[PDB]
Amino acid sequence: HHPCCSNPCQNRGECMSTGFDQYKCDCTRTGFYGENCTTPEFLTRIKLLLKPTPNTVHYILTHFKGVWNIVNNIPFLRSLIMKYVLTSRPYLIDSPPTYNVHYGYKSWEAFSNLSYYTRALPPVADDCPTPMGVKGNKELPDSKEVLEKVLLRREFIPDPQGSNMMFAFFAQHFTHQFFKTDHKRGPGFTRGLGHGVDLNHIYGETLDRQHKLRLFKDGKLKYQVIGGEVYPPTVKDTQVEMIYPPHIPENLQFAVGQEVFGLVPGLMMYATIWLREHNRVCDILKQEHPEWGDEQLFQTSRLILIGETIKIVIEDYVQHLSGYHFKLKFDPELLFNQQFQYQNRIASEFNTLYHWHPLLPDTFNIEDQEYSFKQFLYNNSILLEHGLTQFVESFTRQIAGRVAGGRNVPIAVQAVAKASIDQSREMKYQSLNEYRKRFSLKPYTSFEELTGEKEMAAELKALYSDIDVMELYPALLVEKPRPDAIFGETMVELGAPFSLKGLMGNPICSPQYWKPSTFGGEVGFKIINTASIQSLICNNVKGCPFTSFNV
């Protein structure tokens, strides 16, 4: 079998077979040398001697609120800290991208083919004796057993950080512009060739789709007015293909950038809000530039909204889920004097860790109703009955479930959770501890160390037998959470590099793009830099309901 099955190379060392039963570790620029890249250089010794654990770092950022309140009001200090954040995090990401599900070695096919999800770790070889390499049994435990014993939800466990349905649906809406698995090819393939924040879930992936959605007047998108309320156009009107069950009436088949947003009313809420925002920005640009044609108005509006999105994702979305008292800032200028690649490739592992199924509630409470999953799915008539204002008000005050901590995946979506396990195995993912070492984290020595308790830990120990073969995805959901937090250590320390790299790697953050002229002047520029989740709702939802990602 393949000589590199045991994953012998440490500290980001590259493994290569040198014969049928021998290997060689490439230790170039790792700071280590030796057969297995384990002997540290002198400077490396000092660095590891001063490098604080992510847990101690998280402690500092989540305590001393008064001190942080002082720091946040010092523009120099605020910029200084945020600069370090935006540099150290994406450093853990290979850019240009390297491996994918078919290539455990670097190749031109892996690099050039945008249909692939890239891979932060190469897949386990096909001829390996055990599914994880050489450790563990001949087969992984039944995904159904892992599912039912430590993942499925008994009592609903609310998020202690206070995340609401606005957060949960925003996450689902935002991430599904770059998480679009090409299931015709397999789980390791994507339909989102933009590999980032291009807002294709609003404008469409292809140019044909975009043009069917556009009004070609004033740079706006097509829309319908129902009861004085602007909503997305229909499939019949645009001939834009959408995924709907055959029993869905023609009038309720809204056409949006993403082909699946019709299936969940929460997604359609944001789709309507963002469509309204695009046309709102067109109005603003038109009286700034009465000479501009339809095409430039549309294109400039898209760039502003892309900037709006990144602005909101960092200073509201990421600000909330991090729990830091420090005030995050979206400022591309911080990276102008640093080494940084303004490009991005979506990693399969980024996708897998973002399957936040425990976030979902048991019922969706709107106004005075409690819709089940069966009642909620495909049901856009719910959106029309209550309206966006009621949706925002209701979802702002409905709490979400805890992601980590185990046993909080709703039974309604158990098939999806089982698929995340099965497809991780299908794509030959490496073990949890391999991904922890990949991201500068200390491996777990026991299951009790992973869960932070005894009951679930014993369940897993009887399933996997070895902590070194524990799978990544079910680990993220049963991981011991940070104190009163929604996530555990692995989730944050893996997701943060992936996220920030995708956000800052956008070309509009490059210095040749980050100009007022890119966004039609200072006015359009200020739209991006003053954007927020509250303003997004206040501008586009009747009555300006209060909203946030907490309470």
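The first residue of the sequence shown is number 1, and the count goes up from there.
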Inset, instruction - Could you check the entry and say whether 184-192 or 372-380 has the higher mean CA B-factor? - result: 372-380
Legend entry - Stretch exceeding the other in mean C-alpha B-factor - 30-38, 490-498: 30-38
Legend entry - Out of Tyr203, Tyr105, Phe298, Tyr464, residue topping the C-alpha B-factor column of the entry: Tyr464
Legend entry - Out of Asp294, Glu139, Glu109, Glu288, highest CA B-factor residue: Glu139
Inset, instruction - Could you look up the Cα B-factor of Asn539 in the entry and say which third of the chain it sits in: lowest, middle or highest? - result: middle
Inset, instruction - Within this chain's modelled residues, let me know which third the CA B factor of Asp159 belongs to: lowest, middle or highest. - result: middle
Legend entry - For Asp126, the third of its chain into which the C-alpha B factor falls: highest
Legend entry - Ranked against its chain, the third holding the CA B-factor of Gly387: middle
Inset, instruction - Would you check the entry's CA temperature factor for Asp316 and let me know if it's in the chain's lowest, middle or highest third? - result: lowest
